[PDB]
Structures are given as C-alpha cells and as structure tokens.
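*Asks:* this one's experimental. Sequence and coordinates below.
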Amino acid sequence: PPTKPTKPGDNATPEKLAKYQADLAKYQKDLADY
C-alpha cells in the first residue's frame, strides 16, 4: 500500500500545501494501482 503523505496538509503554506497536493496526487495514482 502507498505511503500516505506525512507532510502537513492542514496547516502549512500554500506553496508547501501544493507540494502536499503533488504527493497526494502520487498517492492517489499508486493507490489506484493498489
């Protein structure tokens, strides 16, 4: 099972949240593959 993003997705800068969104995007992809 894909590793769930440990990065802050609640309280973080918009830029850093975007990075979280990119990771979460990867997670969704790998999750779908799972």
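*Replies:* Great, that's in hand. Numbering: from 1, shown residues only.
*Asks:* what's the nearest residue to residue 12 if we skip its chain neighbours?
*Replies:* residue 20 (6.7 Å; CB to CB, 6 or more residues apart in numbering). Where C-beta positions appear, they are placed from N, C-alpha and C, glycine not excepted.
*Asks:* and if you look at residue 23?
*Replies:* Closest to residue 23 by CB to CB, 6+ apart is residue 5, at 4.2 Å.
*Asks:* now residue 27
*Replies:* residue 2 (5.2 Å).
*Asks:* what residues are up against that neighbour?
*Replies:* 26-27, 30-31, 34 (CB atoms under 8 Å, 6 or more residues apart in numbering).
*Asks:* so which of the residues you listed is the most crowded?
*Replies:* Per-residue neighbour counts (other CB atoms under 10 Å) across these peak at residue 27, which has 17 neighbours.
*Asks:* verify the stated contact: that one with residue 1.
*Replies:* No: look at residue 27 against residue 1 with CB atoms under 8 Å: they stay out of range, at 9.9 Å.
*Asks:* the residue nearest to residue 23: neighbour count?
*Replies:* For residue 5, using other CB under 10 Å, the count is 16.
*Asks:* then residue 19?
*Replies:* Neighbours around residue 19, by other CB under 10 Å: 15.
*Asks:* how far away from the center of its chain is the helix or strand hosting it?
*Replies:* Per DSSP states H and E, residue 19 falls inside helix 14-33. Relative to its chain's centre, helix 14-33 lies at 3 Å (CA atoms, centre = their mean, to the nearest Å).
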